[PDB]
């Protein structure tokens, strides 16, 4: 067991180190909370941390790992924002006691070998054009879960499809962890928090409010039915300068092979220049 100093930010790179500390803590009665991140931390991540902090007797582990296995692509991996110094500063500010910052070598010493094969959900929406993306996500999340063995793991609702898939991973592999989804933190105008927001110029930043505007308009239009909700969202996206919509789709909450009932999720993906933005919202139809 490596050194662990309570009340301070302890940073471990070796999977075996955090595993050992985690297990030692769990045996002393502490409940281990995991917030898995790819770094470049914003207020949305801090909301995950805070949710974890508030579980009584918790110790919070924040993982930071830019997982090469979930990138296509050529350049996407290299282009991903990396701001390590700010990240750890934020964790210290928030009173986090463990950051887990493994190397690529430690996570993938044998390269890609055994992997998670997601269900059919991974071939839709975000996964349509990116066929191995969610296999990459689920493989890393499985590994982080096995390494840290948390009682609860925290994810934002912003990447809703990812969240659903992770719930599938946990159910389908009988993992002994509770998955906690945390509502999307937004800028004051309603823009969903995102690492990618930094890539919007002032004009694109202005236009980008249209995603959240469209979703919230649809959620209130929805007393008038599905068609009205979708048409309200489409109108708002269409009014916005330089927003190219990739999909706007209304699905059941599990996004699964079932028709929408009264309760749904409306999901949007759109491009502003080269920046691709996602957002989603709970929809009640007829309210209902």
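What we label the rigid core is the largest C-alpha set whose atoms superpose within 1.5 Å from one form to the other. Numbering follows the first chain given and starts at 1.
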statement: Superposing the other structures by the rigid core, the farther-displaced stretch by RMS over CA atoms in 9 other deposited structures of this protein, of 259 to 267 and 236 to 244, is 259 to 267
task: Rigid core fitted first, then name the stretch among 128 to 136 and 170 to 178 whose C-alphas deviate most from the displayed form in 9 other deposited structures of this protein.
output: 128 to 136
Other PDB entries, at least a third, lacking residue 159: no
- request: State whether residue 77, though modelled here, is left unmodelled in a third or more of the other entries compared.
  value: yes
task: Select between 208 to 216 and 92 to 100 the stretch whose C-alpha atoms have the higher average B-factor in the entry.
output: 92 to 100
field: Stretch exceeding the other in mean C-alpha B-factor - 139 to 147, 69 to 77
entry: 69 to 77
message: Highest recorded C-alpha temperature factor, please, choosing from 61, 232, 255, 224.
response: 255
field: Residue selected from 277, 9, 18, 266 by maximal Cα B factor
entry: 9
- line: residue 281: CA B-factor among chain residues, third -> lowest
Among modelled residues of the same chain, the CA temperature factor third for residue 85: highest
- request: Would you please rank residue 118 by its C-alpha temperature factor against the other modelled residues of its chain and give the third it falls in: lowest, middle or highest?
  value: lowest
Residue 239 by Cα B-factor - lowest, middle or highest third of the modelled chain: highest
message: Please say which third, lowest, middle or highest, residue 49 falls into when its CA temperature factor is compared across its chain.
response: middle
